[PDB]
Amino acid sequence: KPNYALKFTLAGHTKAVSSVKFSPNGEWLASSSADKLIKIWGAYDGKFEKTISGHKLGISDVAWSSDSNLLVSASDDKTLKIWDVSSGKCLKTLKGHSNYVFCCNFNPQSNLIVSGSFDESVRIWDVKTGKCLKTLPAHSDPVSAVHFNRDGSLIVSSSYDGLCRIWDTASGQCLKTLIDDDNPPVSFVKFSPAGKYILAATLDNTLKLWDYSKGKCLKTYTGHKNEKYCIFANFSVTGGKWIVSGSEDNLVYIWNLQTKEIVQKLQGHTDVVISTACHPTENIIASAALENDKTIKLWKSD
């Protein structure tokens, strides 16, 4: 079992936090908020670095490029923005979604961005030109998450329509639809770090690990509360092999990936824990909470 202990609390956002992500190089934490801002923090000391501004409405998601040089953000202003983190410059504004942009990610080569929207589409954009390469008529309700697999040849999307879909990046073809024995909204999905599996959250208090090639649910993680919000979940890989998630009872939950047992709950937030992130090299978790709390917490384990 891990022994995550609170090390730092990061105050600065003026509304609900929406996402936290560690830079791949381990140096930084990026946060997005309903306050329309991105903040950068030191990953190891929690020290505030700077604010990246320009969205006109709240931000739902932010993601790093694989070389830690760029961020992409998804906003209710119906845009994504590509940011040079060192300069703070907005390199490109990606316009084309017809409603709120909810989710975003770079591909592994950080030459493409994928986005999902309340407009029920998935878009694929060229990083260097900022132009949209493809629009996928992916879902019949808002798209909650989008993620590329380990070589960028596939995208997984999740939706409030109750589906996860896997797309061919090059053709835009729908290769797979995954759904279990009930049809609750899907609030999050991502590929596993080696890409054998997907991890999906549904708004029935359930995380599931799927073998997407076989189309089978292999594991379920339960015990937390998740019926309303799009709560990210993580694979923790630096020490023990864990699943990490926020929860609507204001806790961070940590499960054993193999056994599905709860191994730790982290107490301290005063509102829903909307987002968690796992440091790429150190046993460090970042957690972030909604409007009644507005803080980020850094936790560290032996």
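Position 1 is the first residue in the sequence shown; the rest follow in order.
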Quick check: 94-102 versus 189-197, which has the larger average CA B-factor in the record? 189-197
Of 77-85 and 133-141, the stretch with the higher mean C-alpha B-factor in the deposited entry is 133-141
In terms of recorded Cα temperature factor, pick the maximum from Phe48, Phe235, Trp64, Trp28. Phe48
Out of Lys219, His147, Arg165, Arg123, which shows the largest CA B-factor listed in the entry? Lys219
Relative to the other modelled residues of the same chain, rank the CA B-factor of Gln264 and answer lowest, middle or highest third. highest
Comparing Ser33 with the other modelled residues of its chain, is its CA B-factor in the lowest, middle or highest third? lowest
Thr9: CA temperature factor from the record, placed by chain third, in the middle
The third of the chain into which the C-alpha temperature factor of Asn69 falls is the middle
Would you check the entry's CA temperature factor for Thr202 and let me know if it's in the chain's lowest, middle or highest third? lowest
